[PDB]
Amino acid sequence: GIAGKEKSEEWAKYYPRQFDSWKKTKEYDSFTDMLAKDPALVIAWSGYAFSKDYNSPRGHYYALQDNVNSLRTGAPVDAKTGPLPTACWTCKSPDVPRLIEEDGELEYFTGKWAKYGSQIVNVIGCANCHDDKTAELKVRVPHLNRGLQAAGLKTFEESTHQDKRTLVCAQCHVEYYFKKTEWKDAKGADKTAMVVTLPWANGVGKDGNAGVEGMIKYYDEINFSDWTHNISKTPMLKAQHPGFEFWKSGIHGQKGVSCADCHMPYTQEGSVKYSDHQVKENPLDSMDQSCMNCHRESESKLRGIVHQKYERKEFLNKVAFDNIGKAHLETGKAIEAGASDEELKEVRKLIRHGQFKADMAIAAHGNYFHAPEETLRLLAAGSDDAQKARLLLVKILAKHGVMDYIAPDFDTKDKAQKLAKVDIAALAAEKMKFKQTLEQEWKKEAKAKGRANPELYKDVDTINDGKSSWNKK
């Protein structure tokens, strides 16, 4: 066994090669401000946290700190304030399964994100994927098995080794929602938990289908919405990195090539063979071990073939979100023009469904390569749903005496956030205050109670490197 299991440093003496390679994800220190790259996204997520801050993923090394640095988590004053719940910690630290094991799952999912600010202090580590006694692959978060069984699939424990080499990634790289769960503790006090739940009841990655249509069917049946759009007033569904669901629909997934085969290639230093734990941000940069063992041709040729896929996805991504953004703005105009909720009934259903399809397609960044067919198909479907809604809107507008309406420009993050009612300067000030106050208090208490050793990872908070999405001071 390993004492202080959540502290990956502790494993280093037993497994130096895995520890050293694991820490190398520190090298993946760059992310792209997606709201600045594709401002239409701000309009799509208007009224939601994602319209504030949303960057591409970077090294696992920065997972915990980026979750803290993001405008999405806001600026809490204490453990009872802040916009987001405890569930936001779930896929960022080994301290998560620890707390679930100690205090219970429901208790872990009860309260504000700030509640565990001092408890959840170690980044995605060894304990998130391995047993401390045997080092065998292991998943300690109960949401995964719950989703697998809902999808009619085997639990992690009933799966094969190759299945697990993928499932230890799926414990986080999946689509989910927060299920409001009412419960009662030991003392008999009624509480409310927001439980990470995978909407897999209708299956995922089944015969080439990512599972999006089934998810929509499920979400509508339980009448769930992540938020109400602040422009169109549409009950919306947010998609989040459905890496596993899409991977399962793609050819590699259908052929049994695990995430680990491409992202954690086997390697050999001297006479010792081991798995490279620097989860590769871009396997195309390590083609020799990530691909060429199964593919026989030039690396430049294969990298070129993959780039064509990125171009195709980008082409449909732009079309879909431009249509979706206009659909929201035009719905806002219709409301202003006097259109009733009943009149907007069908329009809203199509915007909800369409954006979810399009969002799911782009929410897992590797989708364009892992699952090009479902990705292109869903961007096509989401775009069409939006266009279908826009055709109804032109008629509704005309009926209300509005002709030739043209939605405003949302071609820059600034213009879009203005339309979304987001004051980034204010949020940045409030967020910077938090980081200089409460956050440092968290790291102070954590070090004092031996919960973490932040001195070993000082280069983790890069908020001031001049590459921040919101801290442009």
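Start at 1 and count along the sequence shown; that's the residue number.
Q) Per the PDB record, is the mean Cα temperature factor higher over 175 to 183 or over 259 to 267? A) That would be 175 to 183.
Q: Using only the Cα atoms and their B-factors as the entry lists them, report which of 367 to 375 and 391 to 399 averages higher.
A: The recorded data point to 391 to 399.
Q | Most elevated Cα B-factor in the entry, residues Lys435, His60, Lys52, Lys37 | A | Of the options given, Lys435 has the highest CA B-factor in the PDB entry.
Q: Place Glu336 in the lowest, middle or highest third of its chain's C-alpha B-factors, as listed in the PDB entry.
A: According to the entry, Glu336 has a C-alpha B-factor in the chain's middle third.
Q | Third of the chain's Cα B-factor distribution that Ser232 belongs to, per the entry | A | Within its chain, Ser232 is a lowest-third residue by C-alpha B-factor, going by the deposited values.
Q. Of the three thirds of its chain by CA temperature factor, lowest, middle or highest, which one includes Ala429?
A. According to the entry, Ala429 has a C-alpha B-factor in the chain's highest third.
(Q) Can you tell me whether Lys217 has a C-alpha B-factor in the lowest, middle or highest third compared with the other modelled residues of the same chain? (A) Middle third, going by the recorded CA B-factors of the chain.
Q.
Using the temperature factors of the C-alpha atoms in this entry, rank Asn323 within its chain: lowest, middle or highest third.
A. Its C-alpha B-factor, which the entry lists for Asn323, ranks in the lowest third among residues of this chain.
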